Amino acid sequence: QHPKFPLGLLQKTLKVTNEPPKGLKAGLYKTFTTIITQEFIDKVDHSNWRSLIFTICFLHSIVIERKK
Amino acid sequence: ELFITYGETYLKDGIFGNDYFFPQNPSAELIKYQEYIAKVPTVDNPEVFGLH
C-alpha cells in the first residue's frame, strides 16, 4: 500500500489478494490445502502420528484465531 | 505459560484413541477429513477456546 503509485498498470492488470482466511473453518480448510496428499499419504502408520498431525493442525488454527 | 496451558489442555499428555474432544475426532481417510471440515459450523462460540 503505497499511494503516489501511477495507475498505468493498475488500470491494466489482474489484482489478487492473499491475506490469510478469516473463519476457523476457513483457515483450517486452507491449511488442509497447503501440505497435503504426500505429507498425509506418506505415513507407514495410520494410528499415532496421524493423530499428532491432527492435534498440531488444530492447535495452529486455534492459537492463530485467538487474536480476534 | 498461557501457550503451555493450551498445550496441556489440547494434547492431554496422551493419545487416548477413544474420547470426545472438548470439537469432534477423526477417522483415518482423506476425503473423510474434507467432510469433517464440511460439518464444522461456520460461526462458532468462544467457549471453544475456553473463553467467555
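Every residue, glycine as well, gets a Cβ built from its backbone with ideal geometry; the counts of neighbours run over all protein chains shown. Just so it is clear, none of the values below were taken in a lab; they were calculated from the coordinates.
Annotations for the structure displayed:
- Dipole magnitude of the protein assembly as shown, debye to nearest 20 (Cβ charges: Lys/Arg +1, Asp/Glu -1, about Cα centre): 820 debye
- With 32 Å as the limit on Cα-Cα distance, the pairs of A:68/B:32; A:30/B:12; B:12/B:32; A:12/B:32 that go past it are A:12/B:32.
- Amide N proximity, the range B:17-41 versus residue A:34 label position 7 Å along Cα-to-Cβ, cut-off under 19 Å: B:33-34, B:37-38
- Sorted largest first, extent of chain B alpha carbons per principal axis (Å): 36, 28, 16
- Order of B:27, A:61 under a 10 Å beta carbon neighbour criterion, fewest first: B:27, A:61
- Here the range A:5-59 is assigned +1 on the Cβ of each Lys and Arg and -1 on the Cβ of each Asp and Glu. Its dipole about the Cα centre then comes out at about 320 debye.
- Only DSSP H runs of four or more residues enter the estimate; each adds -39500 (n - 2.57), and after division by the residues of chain A the mean residue ellipticity at 222 nm equals -12000 deg cm²/dmol.
- Selected from A:32, A:18, A:55, residue furthest toward positive end of dipole (chain A; charges at beta carbon): A:18
- Loop-resident trypsin sites (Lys or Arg not before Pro) (DSSP state other than H, G, I, E or B) in the range A:1-62 with no more than 16 further Cβ atoms inside 10 Å of their Cβ: A:4, A:12, A:15, A:22, A:43.
- Size descriptor, Kirkwood hydrodynamic radius, that averages inverse alpha-carbon separations across the protein assembly as shown, Å: 17.0 Å
- Reducing the range A:48-67 and the range A:1-37 to their Cα centroids gives an inter-centroid distance of 23 Å.
- Using alpha-carbon coordinates, inclination of helix A:48-65 to the longest axis of chain A, degrees: 40 degrees
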